[PDB]
Each structure stands twice: as structure tokens, then as C-alpha cells.
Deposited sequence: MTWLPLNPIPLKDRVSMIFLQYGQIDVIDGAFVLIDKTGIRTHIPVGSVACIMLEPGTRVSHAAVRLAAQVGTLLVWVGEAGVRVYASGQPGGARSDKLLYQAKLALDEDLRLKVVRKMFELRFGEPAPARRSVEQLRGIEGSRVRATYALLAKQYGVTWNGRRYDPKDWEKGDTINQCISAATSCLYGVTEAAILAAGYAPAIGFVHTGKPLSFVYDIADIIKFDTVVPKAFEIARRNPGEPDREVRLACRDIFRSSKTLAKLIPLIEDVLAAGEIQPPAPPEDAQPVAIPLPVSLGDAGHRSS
């Protein structure tokens, strides 16, 4: 039932996904996927989906994400739109107003860095400060883990960061959609299909997920995507990332000081 109670993510590798006797199944070796009990199903190259399976995924509120190598985003499908105009119009009202936007963004910063932003800065200036601090954190991680690093982008390490954060984004997009909001309307990031997903995921990214990418990349894996995905599955379970994302999305918007729906 609710997102809080679900498995984070399942990956489907290469065959046909279909519905047989009402059950969601992958076929090469038939395999039952418990589609209602997972937040996000990831579809790797060489996977074909039937109309029935896409429909049942939407029905039970389970996001479908098509990915390529290193989990790069190909596409997603789900229930059409937020069902509630009051949630959508609240988010849009916050995004469209410059003073309200700034409030949301200052709250995102504070939660990201555990300390409030310097006072009386614009959105653009806070992005610079955030940028600078993030580049320092990657460089410090590279040093600690003994990884060669010429910056964020194909380096093994950049493949690992990509695969890892692509996982987080899928689970973040699930939660945003469950909350009734639009992935495309962001506050820090703007102008991309997943703007809001980036804003929310970036708050929490560096707790364990990006660290784990370094931990894995220092073993010099040849084909890292598989190991990274299983580490992220483990992390989402142990950290209870889903239970964490739901209230974070509402706390961030509430910073605008507009009465929520």
C-alpha cells in the first residue's frame, strides 16, 4: 500500500514484462515481480513492456523508469498528473514568486549543510556557494578513498556516482509523485524534466549514497553498475530513505510560509 511500507527499487534486466493471470511477470524463466510492493521499477536495455504491465504499474502506484548504462535516465511512466489541483497550484505559487522561491531554497540549503545560508543572498549566489562546497566535498571524498579525481563529469568513479544517484532519483521521483507534485517544477534547479527531483535528492545525496560510490570505485570494478545498485538497495533499506523523503518534500515547500493544502 503506502510508499513508506514498500521496497525501494527493483531492477529488471532483459526480457519481456507482461501480466499473466493478473500477476506482473518478467520472462526471458518466468519471474513474479510484487509490483504493488515496490516504489520504483527500473527497466534496463533489452526489456520490452506490454500495455497490460504499464497499466497495472500505474494502477498500483508504482513508477516505471527506463534507464540506460550507468542508470542514465531514458524515460518514466506513471499515473497521469497530480490528481489534486490544490497541491499543484501550491507548488507553482511558490515557484513563480521570487521571495517565496528564495525562502524554499534557503530551507533546502540549511537542510543540505545543516547550517543556515549567509543572510541576504540571492538564489544565484546561493547556487554558487552550494557549487563551491560540493566541489570541495567530492575532492575530499576522492582523497579519503584514494581515488583519482579530475572533477564531476568515463572515469570509473563518475560511472559509480551516476549509477548511484540515478537510483536515488528514481526513489525521489516516486515520492514526489506520491505527494501529488510535479517533478518538473524546481526551485534550485529549473528547466529540466526532473528539476524538483534533483533539488530534493541533492539535500541527502552525500549522507551515504555518494560516499558508497567512492567506496566501490576504489576497488577498481570493471562493471560497477550491478554492485552500486545493490549497495543503494541496501542503503535505502537501512537508512529508511523512503520514510525520510515524504516529510522532507513537505518541509521544504512549507518554508515558503504559505498555508499548505
Numbered from 1 on the deposited sequence, the unmodelled stretches are 1-8, 37-39, 165-172, 281-305
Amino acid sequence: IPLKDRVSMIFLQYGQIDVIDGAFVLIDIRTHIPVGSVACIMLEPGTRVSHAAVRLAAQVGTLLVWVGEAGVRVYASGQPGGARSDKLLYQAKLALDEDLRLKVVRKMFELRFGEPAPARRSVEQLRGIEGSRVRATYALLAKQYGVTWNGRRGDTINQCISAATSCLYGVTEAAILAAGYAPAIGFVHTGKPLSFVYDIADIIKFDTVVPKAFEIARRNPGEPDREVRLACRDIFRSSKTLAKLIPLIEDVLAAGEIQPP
From here on, numbers count along this sequence of modelled residues.
Look up the CA B-factors in the entry and say which stretch, 116-124 or 99-107, has the higher mean. 116-124
Would you determine, from the values in the PDB entry, which of 35-43 and 52-60 has the greater average C-alpha temperature factor? 35-43
Among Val65, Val197, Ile203, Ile27, single out the one with the highest C-alpha B factor in the record, please. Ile27
Could you check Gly180, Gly186, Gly78, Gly151 and tell me which one carries the biggest Cα B-factor in the deposited entry? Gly151
Tell me, lowest, middle or highest third: where does the Cα B factor of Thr156 rank within its chain? highest
Where does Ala175 sit by CA temperature factor within its chain: lowest, middle or highest third? lowest
According to the PDB entry, is the CA B factor of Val72 in the bottom, middle or top third of its chain, that is, lowest, middle or highest? middle
In terms of its chain's C-alpha B-factors, the third that includes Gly256 is the lowest
Looking at the temperature factor on the CA atom of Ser132, which third of the chain's modelled residues does it land in? highest
